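Peer 1: I would like the atomic coordinates for the input below:
(chains A, B, C, D and E)
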Amino acid sequence: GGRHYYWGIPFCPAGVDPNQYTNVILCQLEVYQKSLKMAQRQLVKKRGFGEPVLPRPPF
Amino acid sequence: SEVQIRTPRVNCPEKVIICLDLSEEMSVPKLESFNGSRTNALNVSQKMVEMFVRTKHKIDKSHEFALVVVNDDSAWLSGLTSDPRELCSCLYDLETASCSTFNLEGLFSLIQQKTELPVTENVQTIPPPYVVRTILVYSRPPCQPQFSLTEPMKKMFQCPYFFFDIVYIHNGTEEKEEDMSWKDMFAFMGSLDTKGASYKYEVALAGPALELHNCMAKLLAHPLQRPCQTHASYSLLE
Amino acid sequence: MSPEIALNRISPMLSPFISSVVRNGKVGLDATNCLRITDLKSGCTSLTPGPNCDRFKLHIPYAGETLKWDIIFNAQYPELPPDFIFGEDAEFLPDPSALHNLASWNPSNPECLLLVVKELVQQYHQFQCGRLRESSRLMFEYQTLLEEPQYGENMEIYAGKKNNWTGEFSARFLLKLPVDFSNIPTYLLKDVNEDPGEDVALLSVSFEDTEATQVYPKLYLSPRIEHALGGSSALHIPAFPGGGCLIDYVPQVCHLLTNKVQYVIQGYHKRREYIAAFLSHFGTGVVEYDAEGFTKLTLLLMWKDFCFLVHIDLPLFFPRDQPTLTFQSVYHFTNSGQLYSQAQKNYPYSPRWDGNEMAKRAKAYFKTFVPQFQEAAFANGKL
Amino acid sequence: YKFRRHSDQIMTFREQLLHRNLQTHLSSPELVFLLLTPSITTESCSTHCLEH
Amino acid sequence: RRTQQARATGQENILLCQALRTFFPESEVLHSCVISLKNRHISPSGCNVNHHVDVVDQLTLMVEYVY
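Peer 2: Residues are numbered from 1 along each chain as shown, chains lettered A, B, ... in the order given. This is the structure:
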């Protein structure tokens, strides 16, 4: 029986060079970063835009 | 594709409920210790749980912990606290007299009543605000049947943010007598994990105590970042 | 009224338009980002059951202020286009020739309403420019600023009516800066259902005079940018020195902000390469790792049937400073009740290495140091 | 004339353009526009107001 | 008329798979997300090779400075 990972398997499997799978798991992380932003922008409630940068107050 | 893991791999804060079986069987000093000889199951469990909590707290800090004991029914000692000291205060004060069997219904009811499960608009990409997991250290037989639970309990297990980890201390691999019943009761615990995935462990009363510590360490892994049990290996030094 | 509460009253045939508009969370550059839908009315015979609402009022954030525009649909004719009312802003002249998405109204496309409102806001910008034309002083800047399309087409402007006496005018510029914030990392919010939104940095300029004197600038940052630079309250911006030349001010802020952003993101991607290599190599026994920033990792390893933990802490200067390794025992506690552990920071390392080389060198360090740490834990620690 | 159920008493974007286009095609620069807004005055729907 | 019209009757992570397949196809079957429950070896994947995908973006920032 096979086990399926929606975000790919999080380790170097048997018969693969981990030195070359480093970039594969990097691609997993990059895809998660970019995907989460697109999934978040579909949500209704938007987070406040926080505070502005002020110029250096003198005196 | 047979079994599928949909949840993201993110370090969400954990609410960890640790359940201890208090049976006359737990007072057996038959566990071998790597320093001197002999040790008790309950004292090894106390060292193990203290180490687990002290370690988890040093990671991210945001983690929350809880302590529960099992007798005739579950019983809540201290829980949903980020400070581990409270837990240790309740931990080093336990008696193991067994006057009745152990009820899973009561444990599921207490866990449901003390904390609620979260939900999100998108479970495959949006990381949850927290993850709920329960560790059960048990030794006495479950008596096999006890019916097939209820709809609310199946819904508790059905949640992808809820995890149930188990360690079973048994004589199935020592005696090989009633080994059918021992393996069947372990499989009874192994027929609930099929709601996503979860970790399961088996230990003989011969120990040594090492195999129990070496066991608790494996449960440190974050359930969302933790690979499937069958894939996890630690001897990465050949 | 929260949008999730309003979306239960609207006629189902109209839900997608308002859904797209709400989920976009803005139209222009907004700055404040506090978009809302307020007034919602039946717009049909009172006896029409279930979800039925189709009239509403939309609060569109623009420049520094908020426009209150009434929008009208008819539930029993969902295919038909809406109608608009621009509150007390009577002088507003929307050119119907530029509203291509309104001329070609298509209910089959949920984003249609958004495109319509967007074009309307672009025309409102043009209207504000039409008002600016009367000042001449500020057009002196506006023209030169429009000659930079990456700024001109990502720009908004607003002007207040004359003071009854003295006849002074208040004004605002707003700019979206063209820097690559795409590679900024993620972070978890309290609600989770909250959205940090489009990663943007907005530069707002406000004036007391109709001339280039007494100027108040502010720089607003997306929540992700606040998290990346360690909070807005710990960062300053050069104020306008004097004279009139925003065309010379904006390039400075763009270059400096790009410098700071690249400073952080280089470190972030190098830490991600490190954590990715370490996962690729030893993930079969991974305990935990910082999926949000890649500043921490915790692995569980076994040496000759004895378990131990390694915590890797990565400093801000990860490519430069060595990452702190911390070996921890599962069996030993110190006198203070803490678990016996030892940190290593001075060890074989070169900042020029890649993830794979560092992971292999770390495996070598493990094989060479684990017995020493175990002997030390037995010597100092207590079971 | 136009009926806008629950609406502000001021002619819309579309209405001004349409009224002027009708003024053009019908050659009547003395046209009028009768705008009616019916509305309800309480949550109970016990009181209604037609403002024209 | 409406009654006659009514009676007339008028799941992989695709982004991850397409990004993985487009990134260095030299790895051939390396593009996968299924494993044997027993051994840590790859199983075949059905996500197919055919889709356009959008927003292919940076894997790591390729820059090096000092000071």
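Peer 1: and stretch C:5-21, how far out from the chain's middle?
Peer 2: Here stretch C:5-21 is found 26 Å from its chain centre; the criterion is Cα atoms, centre = their mean, to the nearest Å.
Peer 1: right, quick check: that stretch against chain B, any contact?
Peer 2: No - Stretch C:5-21 lies apart from chain B when judged by Cβ under 8 Å from any Cβ of the partner chain; the minimum separation is 12.8 Å. Backbone N, C-alpha and C define where each C-beta goes, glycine included.
Peer 1: Run through who's touching that stretch.
Peer 2: Contacts with stretch C:5-21, where a contact means Cβ atoms under 8 Å, 6 or more residues apart in numbering or on different chains, come from A:44, C:22, C:37, C:40, C:51-54, C:56, C:58, C:73, C:75, C:78, C:107, C:110-114, C:117.
Peer 1: Where do the helices of the chain begin and end?
Peer 2: You didn't pick a chain, so chain A it is. A:18-40 (DSSP state H).
Peer 1: try again with chain E
Peer 2: With DSSP H, the ranges of helices along chain E come out as E:2-8, E:14-22.
Peer 1: Can you say which of the ones you listed is packed in most?
Peer 2: helix E:14-22 (a mean of 19; mean count of other Cβ atoms under 10 Å in any protein chain shown).
Peer 1: ok, and the closest non-adjacent residue to the residue nearest the centre of chain E?
Peer 2: In chain E, the residue lying closest to the centroid (Cα atoms, centre = their mean) is residue E:17, at 2.0 Å. Excluding its sequence neighbours, the residue lying closest to residue E:17 (Cβ to Cβ, 6 or more residues apart in numbering or on different chains) is residue E:47, at 4.1 Å.
Peer 1: Can you measure across stretch B:31-45, start residue to end residue?
Peer 2: End-to-end distance for stretch B:31-45: 11 Å, by Cα to Cα, to the nearest Å.
Peer 1: Could you check that stretch against chain C for contacts?
Peer 2: Yes - Stretch B:31-45 reaches chain C (Cβ under 8 Å from any Cβ) through B:33-35.
Peer 1: Show only the entries of those residues found in strands.
Peer 2: In strands, judged by DSSP state E, none of the residues of stretch B:31-45 next to chain C are found.
Peer 1: Out of the residues you listed, which is nearest to chain A?
Peer 2: Set against chain A, the nearest of the residues of stretch B:31-45 next to chain C by Cβ to the nearest Cβ is residue B:34 (29.6 Å).
Peer 1: list the contacts for that closest one?
Peer 2: Applying Cβ under 8 Å, 6+ apart, one finds that residue B:34 lies in contact with B:208-210, C:331.
Peer 1: Apply 10 Å and report the result again.
Peer 2: B:207-210, B:213, C:305-306, C:331, C:383 (Cβ atoms under 10 Å, 6 or more residues apart in numbering or on different chains).
Peer 1: do residue C:320 as well
Peer 2: C:267, C:270, C:351, E:66.
Peer 1: Mind doing that once more with 7 Å?
Peer 2: Neighbour list for residue C:320: residue C:351 [criterion: Cβ atoms under 7 Å, 6 or more residues apart in numbering or on different chains].
Peer 1: three-state assignment of it?
Peer 2: coil (DSSP: H, G, I helix; E, B strand; the rest coil).
Peer 1: can you give me phi and psi for it?
Peer 2: Its backbone dihedrals place residue C:320 at phi -110, psi -60, with angles given as degrees, to the nearest 10.
Peer 1: The residue nearest the centre of chain B in helix, strand or coil?
Peer 2: Centroid-nearest residue in chain B: residue B:135, 1.8 Å away (criterion: Cα atoms, centre = their mean). Under the three-state scheme (three-state DSSP), residue B:135 adopts strand.
Peer 1: got it, and residue B:67?
Peer 2: Residue B:67 - assigned by three-state DSSP - is strand.
Peer 1: residue contacts, the nearest residue to it once chain neighbours are set aside?
Peer 2: With sequence-adjacent residues excluded and distances taken as Cβ to Cβ, 6+ apart, residue B:67 is closest to residue B:77, at 4.1 Å. Contact analysis of residue B:77 by Cβ under 7 Å, 6+ apart lists B:67-69, B:90.
Peer 1: before we move on, what about residue C:55?
Peer 2: Residue C:55 neighbours (Cβ under 7 Å, 6+ apart): C:41, C:43, C:72, D:6-7.
Peer 1: one more time with 10 Å, if that's ok
Peer 2: Contacts of residue C:55 by Cβ under 10 Å, 6+ apart are C:39-44, C:70-75, C:82-83, D:4-7.
Peer 1: Just the buried residues out of these, in ChimeraX syntax.
Peer 2: The ChimeraX command for the buried members of those (criterion: 16 or more other Cβ atoms under 10 Å in any protein chain shown) is given here:
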select /C:40,41,42,43,44,70,71,72,73,74,75,82,83 /D:4,5,6,7
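Peer 1: Going by residue numbers, what spans are helices in chain B?
Peer 2: According to DSSP H, the helices that chain B contains are B:41-58, B:85-91, B:104-114, B:151-158, B:172-175, B:179-189, B:210-218.
Peer 1: helices or strands up against the second one?
Peer 2: In this case it means helix B:85-91. Identification of packing neighbours for helix B:85-91 by 3 or more Cβ pairs under 10 Å, 6 or more residues apart in numbering or on different chains; DSSP states H and E yields strand B:14-21, helix B:41-58, strand B:64-70, strand B:74-81.
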